[PDB]
Amino acid sequence: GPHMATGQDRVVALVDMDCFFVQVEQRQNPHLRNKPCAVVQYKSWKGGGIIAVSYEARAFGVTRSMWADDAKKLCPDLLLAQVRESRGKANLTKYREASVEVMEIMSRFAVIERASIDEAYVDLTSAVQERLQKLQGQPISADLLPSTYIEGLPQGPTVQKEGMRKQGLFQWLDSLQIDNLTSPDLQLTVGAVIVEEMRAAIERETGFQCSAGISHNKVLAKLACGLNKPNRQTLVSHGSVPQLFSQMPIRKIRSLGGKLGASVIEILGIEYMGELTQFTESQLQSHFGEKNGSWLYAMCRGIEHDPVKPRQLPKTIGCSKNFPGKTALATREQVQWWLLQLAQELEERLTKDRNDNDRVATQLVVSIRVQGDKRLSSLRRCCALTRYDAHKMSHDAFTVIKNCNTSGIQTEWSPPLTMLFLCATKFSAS
DNA sequence: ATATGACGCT
DNA sequence: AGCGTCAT
Ligand SMILES: Nc1nc2c(ncn2[C@H]2C[C@H](O)[C@@H](COP(=O)(O)NP(=O)(O)OP(=O)(O)O)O2)c(=O)[nH]1
Ligand SMILES: [Mg+2]
Ligand SMILES: [Mg+2]
């Protein structure tokens, strides 16, 4: 009881842009705003692959990884914006720059960890302490939380969605202990006040809307964030966890969406995250290893200790392209030409990076995929990255993979290459 | 015929 | 180092 830690030590948020690439294209082109809209890359094969979908288009069943031609069957009036294409490949620069807009705003409030192109974790523990002293045990008004849901509420003894939201919020606020600066629920609440402010600033200054989760750790914040998308934020308290997890499929928790999660379900014969509480830590460790077992034992209780890393910038800078089916690269001159296209984009991005961020990459990782192999990568090799020069980088990349060629013929490259990937890594200050 | 980026294992 | 996992 009195010595059992409860993982209520931090206030952590996860901010995620709503249909991000779509919002970027909608800001630029007002004709797309408030429409069923999707963002696709390429266009020839079945109209392009969809990678972002507006909430209006989602209502018709349009999803990520759908071909545009297929999406149009679900949604005849679907509007499309295409990813820029440069040097014969998708060029994501517009979205990366839009991401930086958002991240720089977030960074004004607190330490952020860039988690993807459109989301960041925020460690609000300090900011919350500040704001709490700033306040004089002053009650928190529901007016400070106009887009916040409290997960699990309302409960106990309206038919509108906004109605429910306020009911739950009222119940939450009516029960808060505002004179105890160390109440975790109070700290979460103040955290949510700050995230309202953050989300307001992002929208005012960029035009982009986002959702957020506020809880005591990254996993719960990320889970919370998805509970009430779009344009809303969700507070998941420590106390909400038993009911929330009691029907929560294991695959919904970050890192359990793949094979480990499947084995948890398979080996233990369970479905829901809460069902994990019935196993001892040693049991879980026996099945899934020391780290995973410990992590699971704590997580199913709502406890997780992964820190918000102070890192706003990506650690690697890479470019890749798939060459599916018949388009697989079959000749030496083909492989070289595409390595060059990749290396030229990489040079551009690295030079920009060196100027903006005062660092230089020192290692170049070269990765390929051969026809027949259904892995992400067939093979990875590194070499020194000593100069930001596309021709040198592409020549080096070729050198470290040219032995993979099975062909005896000068011209030919067998087996044909279905993917090329160049990645700059191991940065140093500059 | 579905462009990236972080991290763990050995 | 090079491979595998998980993710957006
Ligand atoms: N090239 C490529 N881009 C992708 C992929 N997946 C996502 N992107 C891009 C496109 C996404 O816009 C962006 C953010 O990824 P999310 O946060 O998972 N989804 P979104 O923000 O669209 O909607 P919401 O969060 O409201 O559910 O990352 C992919 O598989 N490939
Ligand atoms: Mg998003
Ligand atoms: Mg995201």
Side-chain angles (χ1 to χ4, degrees), chain A residues 13-43 47-68 71-72 74-75 77-86 90-109 112-122 146-149 161-162 195-214 221-222 224-234 312-314:
Chain A
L14 185 273
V15 181
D16 191 277
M17 313 305 301
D18 297 331
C19 47
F20 186 46
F21 288 16
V22 168
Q23 281 200 92
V24 176
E25 299 295 334
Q26 285 175 324
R27 181 179 69 174
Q28 189 188 305
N29 182 351
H31 281 147
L32 304 180
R33 298 179 183 180
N34 304 312
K35 306 286 186 177
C37 184
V39 169
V40 305
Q41 26 189 27
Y42 306 112
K43 200 85 195 78
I50 290 175
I51 60 172
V53 188
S54 78
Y55 281 75
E56 294 83 348
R58 302 188 188 190
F60 288 86
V62 179
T63 64
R64 183 205 312 105
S65 90
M66 196 166 283
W67 298 113
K72 281 291 213 170
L74 297 189
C75 182
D77 298 307
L78 182 69
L79 299 176
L80 303 174
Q82 316 173 62
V83 168
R84 177 182 187 187
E85 205 175 305
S86 298
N91 173 7
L92 306 172
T93 298
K94 186 197 298 177
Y95 314 111
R96 295 200 181 92
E97 292 179 355
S99 175
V100 170
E101 287 184 66
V102 175
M103 304 284 168
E104 286 182 350
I105 296 167
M106 287 186 291
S107 284
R108 305 203 306 253
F109 296 77
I112 83 171
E113 172 177 356
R114 178 202 200 265
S116 74
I117 204 165
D118 91 316
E119 79 213 69
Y121 293 92
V122 193
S147 62
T148 296
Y149 279 81
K161 180 182 30 161
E162 171 64 9
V195 175
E196 294 273 13
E197 293 169 357
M198 189 183 300
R199 291 178 49 247
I202 291 169
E203 185 172 15
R204 174 184 88 75
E205 299 179 30
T206 70
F208 304 140
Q209 291 180 347
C210 59
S211 300
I214 305 95
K222 175 64 184 176
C225 180
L227 290 181
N228 290 281
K229 281 192 154 266
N231 200 34
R232 296 286 181 276
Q233 57 183 63
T234 304
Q312 192 172 339
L313 305 173

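Residue numbers start from 1 in every chain, and the chains themselves are labelled A, B, ... in the order their sequence lines are given, proteins ahead of strands.
- From A/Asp16, atom CG reaches atom OG of A/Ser116 across 6.0 Å, with rounding to the nearest 0.5 Å.
- The ring pair (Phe, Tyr, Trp, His ring centres under 6.0 Å) test with A/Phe208 singles out one residue from A/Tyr95, A/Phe20, A/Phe21, and that residue is A/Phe20.
- Proximity of a side-chain donor or acceptor of A/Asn91 to a complementary backbone N or O of A/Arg84 within less than 3.5 Å is not detected.
- Put simply, the side chain of A/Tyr42 gets close to the backbone of A/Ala90: a donor and an acceptor are under 3.5 Å apart.
- Residues A/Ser54 and A/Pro36 approach most closely at OG-CA, 3.5 Å, considering heavy atoms.
- Between A/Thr206 and A/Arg27, the closest side-chain pair of non-hydrogen atoms falls below 4.5 Å.
- Residue pairs meeting the salt bridge (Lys or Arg N to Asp or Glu O under 4.0 Å) criterion with at least one member in residues 205-214 of chain A, sequence neighbours excluded, are A/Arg108-A/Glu205.
- One finds the CD atom of A/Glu119 at 10.0 Å from the CD atom of A/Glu113 (value rounded to the nearest 0.5 Å).
- Not a single ring-ring contact (aromatic ring centres under 6.0 Å, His included) links A/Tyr149 to another residue, sequence neighbours left out.
- Proximity of a side-chain donor or acceptor of A/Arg64 to a complementary backbone N or O of A/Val53 within less than 3.5 Å is not detected.
- The heavy-atom pair separating A/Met198 from A/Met106 by the smallest distance is SD-CG, 3.6 Å.
- Between the side chains of A/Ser211 and A/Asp18, at least one donor-acceptor pair of N or O atoms lies under 3.5 Å.
- Across A/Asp118 and A/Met103, no two heavy atoms sit closer than the pair C-CE, 4.4 Å.
- A donor-acceptor pair is defined here as one N or O able to donate and one able to accept, closer than 3.5 Å; no such pair exists between the side chain of A/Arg232 and the backbone of A/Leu227.
- Looking at A/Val83 and A/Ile51, their side chains come closer than 4.5 Å, going by heavy atoms from C-beta outward.
- Scanning all heavy atoms of the two residues, the minimum distance from A/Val102 to A/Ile202 falls at CG1-CD1, 3.9 Å.
- Of the inter-residue distances, the one linking A/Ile112 atom CD1 with A/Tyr121 atom OH reads 12.5 Å to the nearest 0.5 angstrom.
- The line from CG of A/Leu79 to NE2 of A/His31 is 10.5 Å long, rounded to the nearest 0.5 Å.
- A side-chain donor-acceptor contact under 3.5 Å links A/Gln23 to the backbone of A/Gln209.
- Between the side chain of A/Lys35 and the backbone N or O of A/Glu56, no donor-acceptor pair lies under 3.5 Å.
- Between A/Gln26 and A/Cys37, some side-chain heavy-atom pair lies under the 4.5 Å cut-off.
- Nearest heavy atoms, A/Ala221 versus A/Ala13: CB-C, 3.9 Å.
- No side-chain donor-acceptor contact under 3.5 Å links A/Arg58 to the backbone of A/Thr63.
- For the pair A/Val62 and A/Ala71, the tightest heavy-atom approach, listed with the atom from each and the gap, is CG1-CB, 3.9 Å.
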Step-by-step side chain to side chain contact (heavy atoms under 4.5 Å, CB included) determination, A/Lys43 to A/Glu85
CA-CA 11 Å; A/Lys43 200 85 195 78; A/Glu85 205 175 305; over 6 Å; no
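- Side-chain atoms of A/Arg114 do not come within 3.5 Å of backbone N or O of A/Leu313 as any donor-acceptor pair.
- In terms of modelled atom types and a separation under 3.5 Å, the side chain of A/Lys229 and the main chain of A/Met17 share a donor-acceptor contact.
- A/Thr148 meets the side-chain hydrogen bond (donor to acceptor under 3.5 Å, both in side chains) test with A/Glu196, A/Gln233; sequence neighbours excluded.
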